[PDB]
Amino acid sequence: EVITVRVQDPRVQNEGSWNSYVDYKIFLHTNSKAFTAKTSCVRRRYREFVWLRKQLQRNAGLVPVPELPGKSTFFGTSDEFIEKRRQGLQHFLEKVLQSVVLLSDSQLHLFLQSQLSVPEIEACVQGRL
């Protein structure tokens, strides 16, 4: 029944380049059978969370899905933007995990416990990987 999630450690990938982006470490510790691993650590970027939230909104129960932190850049500093984003991503996952139809989602499990890309998850869930 314990599922503890943390979002930490923003890092810049491909820094300086056309395709630079920030990603976040996601730690999960759980004794839940929802998950193949008791402990996992993966990195995900904001756009993958956007993909995730939309996938969760296809849930079979039509249950509402917690909000993500937004795209607003209205911050004195980039550090503040990233920290508020990090907090908001962690809060999002905490709340997702409290909803049984969302917690049990097979694509959530692939998001949290693998580093399959979004297209790779999409291929996996069609048996095309």
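For every residue, the number given is its place in the sequence shown, counted from 1.
- Where the other entries of this protein model the residues before and after it, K71 is dropped from at least a third of them.
- Relative to its counterpart among 38-46 and 63-71, 63-71 has the higher mean temperature factor, C-alpha atoms as listed in the PDB entry.
- Averaged over CA atoms, B-factors in the entry run higher in 25-33 than in the other of 25-33 and 88-96.
- Residues shown: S117, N19, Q107, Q113. Highest C-alpha temperature factor in the entry: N19.
- Ranked within its chain, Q55 lands in the middle third, by CA B factor from the PDB record.
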